[PDB]
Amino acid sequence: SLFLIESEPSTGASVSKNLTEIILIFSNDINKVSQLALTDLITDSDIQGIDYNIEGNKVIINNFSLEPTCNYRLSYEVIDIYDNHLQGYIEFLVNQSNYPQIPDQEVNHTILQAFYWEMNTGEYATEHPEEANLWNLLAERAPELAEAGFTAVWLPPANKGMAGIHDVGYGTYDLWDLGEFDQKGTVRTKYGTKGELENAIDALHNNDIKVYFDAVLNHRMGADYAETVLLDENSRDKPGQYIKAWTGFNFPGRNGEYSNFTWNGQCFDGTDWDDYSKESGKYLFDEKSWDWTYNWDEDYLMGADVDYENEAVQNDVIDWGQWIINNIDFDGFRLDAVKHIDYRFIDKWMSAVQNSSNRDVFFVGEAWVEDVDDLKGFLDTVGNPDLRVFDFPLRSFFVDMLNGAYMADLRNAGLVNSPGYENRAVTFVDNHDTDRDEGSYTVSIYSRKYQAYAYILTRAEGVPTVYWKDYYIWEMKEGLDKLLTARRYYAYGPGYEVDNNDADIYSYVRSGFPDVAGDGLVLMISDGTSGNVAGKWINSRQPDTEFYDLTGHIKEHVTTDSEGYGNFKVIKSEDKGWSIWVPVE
């Protein structure tokens, strides 16, 4: 039975104006092409003089020249060798060739999270062998990341963890070992060597991309030796008992390189394992107190807990902070488990590290707090103005959209819309904790993900993060790249909320820069399912201007009146319910 197996370009694609042919691949060998037309859908005129040629089960169509920003349909009726008839079509959009010219200092910022939990494991290692060596890959890919519009990359923890080569990076063992020393059965980390990493950073800086380090400062794991430790009278478990604590770290493999600091019992407030009784608990060490944290009793999380009241410990870790930026040339950090670490210490280190260099070091904390007020109150407590946080509040809205949400409420959702806190939001859709095959605390954004990316990447505030697993593993690249184009060239100037949002449609306006031609955009997203085209009358702030949907979804243009208003459209479906209207000229 006759069907189209695939086409190049694929239906829905955005293509180069230099596309020279369309290949259609069919199920059976093809006897005939009865009708073929390539149509410009804006003017509704067929391109005269196209040619085709039959090769077994393939049909190559050529002899055309496509205009930028134009939507085309290739319609065909073929008869196969068993006299089956198949009628069908493919559609595609041509990329803009002449983009708006944005002054380099105003270009929008955009982060790629360069990892996922199961990288280089199970089928992932099979289907994606290039990820057995992440530093080398990021090196290879720097120029295409930059072409995509990424301005920074957040790396997985680059230091040696307690599971060695299988450590995703959070079983922190040695901060000063970046896959330079044979420790935990491996010289390299799961991701590569120190040299490879230094390679990648040059690769990336070479293409004008920053590199953030994922600093896990709360705990330590895989200690070199155990120690007998008495537990405080205030310990929740086994108070005033003696336990055998895995608390000795001296990093034999590194042998003092970079830092000769070593760790024991007095470097930690406590632990969760007693190797005498072979029991888990929460164990507070004699004369230690849990450090000051936003919420009561949340210093203790897992592993051996760092005592950031200890001055020697504060000093070694401030020194590493500094080494990472000034010596290893990173441009910033993600701060794992930021609310489980002494707030006074986080402010002190953020200040020491910021103060040690002329570069403006970027900092973002992982504080999994879905209420905005609670999260602002955490920012207030830490009280260091450089401290950004991930907008888990906003993501809670994208979880709400999984089975339908009240879409007008996106006007006020997340840290990213809280007055006085909007620029401290690092917005995202999924990450390694929220999108993981097994053992997640949440549900991934498994539906309406494109809508959620469009919202964050068009916004005037915050800094958006794309997830590697979305972009490269679930293969959302094709659709994401169109949103990344929007952000890179169009999402500029003041942002405006509109007055006609409802249960199912949210629209938003970026007016463009006055002193830049052809930038600006109208976003419309929907959680509707009716399967059809809805309009909203929106003031684009650009009088007498022809716009088109750069997503390829709506195959018409919209021209605004002399007040700048126009009827902009979106398709109310899960699959295609996002549109981004940009100027054609």
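Don't overthink the numbering: it's just position in the shown sequence, from 1.
S.K.: Highest mean C-alpha temperature factor of the two stretches 489 to 497 and 451 to 459, which is it?
M.R.: Higher mean C-alpha B-factor: 489 to 497.
S.K.: On mean Cα temperature factor in this entry, is 417 to 425 or 437 to 445 the higher one?
M.R.: Between 437 to 445 and 417 to 425, it is 437 to 445 that shows the higher mean C-alpha B-factor.
S.K.: Within this chain's modelled residues, let me know which third the CA B factor of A132 belongs to: lowest, middle or highest.
M.R.: Middle third.
S.K.: Once the chain's modelled residues are ordered by C-alpha B factor and cut into thirds, is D177 in the lowest, middle or highest one?
M.R.: Bottom third by C-alpha B-factor.
S.K.: Taking the chain's C-alpha temperature factors as the reference, tell me which third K190 falls into: lowest, middle or highest.
M.R.: Answer is lowest: the recorded C-alpha B-factor places it there.
S.K.: So where's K210 on the chain's Cα temperature factor ranking, which third?
M.R.: Middle third by C-alpha B-factor.
S.K.: Relative to the other modelled residues of the same chain, rank the CA B-factor of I243 and answer lowest, middle or highest third.
M.R.: Middle third - that is where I243 ends up once the chain's C-alpha B-factors are sorted.
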